[PDB]
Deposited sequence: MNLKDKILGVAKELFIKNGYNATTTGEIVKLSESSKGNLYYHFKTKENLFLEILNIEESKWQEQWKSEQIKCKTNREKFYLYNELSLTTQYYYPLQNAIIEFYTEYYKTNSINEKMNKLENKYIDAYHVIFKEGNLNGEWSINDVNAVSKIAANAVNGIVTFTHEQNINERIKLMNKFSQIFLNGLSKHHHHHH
């Protein structure tokens, strides 16, 4: 079908790189043709998968974040869940590889809002945290970008070692980060 493609494309982009998987591989792997595949281009197809996963993850987060009473806990839990989740973070190396290629100003308007979904989770947390008076952050957008990028760092660059080690580190991080604010 049409959305037999998006599922296989996703799995290819994870299995191999952005560059390593091509429009020939995906079309061949879905019993289709370039007529079918023509989405616009590879860059769009990819960027649409990015859209799906980023939503799926933020939705999974919203249906799991009630378990965090304070925002201070929401920070730990969000970063913690990021290690375990099935969404978005498994596409990160392809996202790294993708940035180095496309540069092109046509598509990078779309990178502006998808870079802002990525950080909004923290923005909500730090803003609602200043409303709740758990901390005094004057520079939230700065901090939201930092925390987001740190965490993706730990998730991505530790994807090999034991999952409890990873979860241990990530929690020690959140502890050191939040303590840094006060």
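ask   = Which parts of the deposited sequence have no C-alpha atoms in the model?
value = Counting from residue 1, the stretches without coordinates are 1 to 2, 41 to 42, 107, 188 to 194.
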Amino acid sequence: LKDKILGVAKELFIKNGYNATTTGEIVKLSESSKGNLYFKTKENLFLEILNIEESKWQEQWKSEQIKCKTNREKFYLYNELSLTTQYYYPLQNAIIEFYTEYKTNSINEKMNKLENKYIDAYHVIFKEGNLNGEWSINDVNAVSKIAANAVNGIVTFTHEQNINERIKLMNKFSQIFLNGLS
From here on, numbers count along this sequence of modelled residues.
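ask   = Looking at the entry, does 51 to 59 or 150 to 158 show the higher mean C-alpha B-factor?
value = According to the entry, 51 to 59 carries the higher average C-alpha B-factor.
ask   = Going by the B-factors listed in the PDB entry, is the mean over the C-alpha atoms higher for 25 to 33 or for 117 to 125?
value = Here the higher of the two C-alpha B-factor means belongs to 25 to 33.
query = For the listed residues 79, 86, 93, 104, which one has the largest C-alpha B-factor as given in the deposited model?
reply = By C-alpha B-factor in the record, 104 ranks first.
query = residue 141's Cα B-factor: lowest, middle or highest third of the chain?
reply = Answer is middle: the recorded C-alpha B-factor places it there.
inquiry  = Ranking the modelled residues of this chain by C-alpha B-factor as given in the entry, is residue 97 in the lowest, middle or highest third?
reply    = Middle third of the chain for residue 97's C-alpha B-factor.
message = Lowest, middle or highest third: which one holds residue 41 when the chain's residues are ordered by CA B-factor from the entry?
response = Answer is highest: the recorded C-alpha B-factor places it there.
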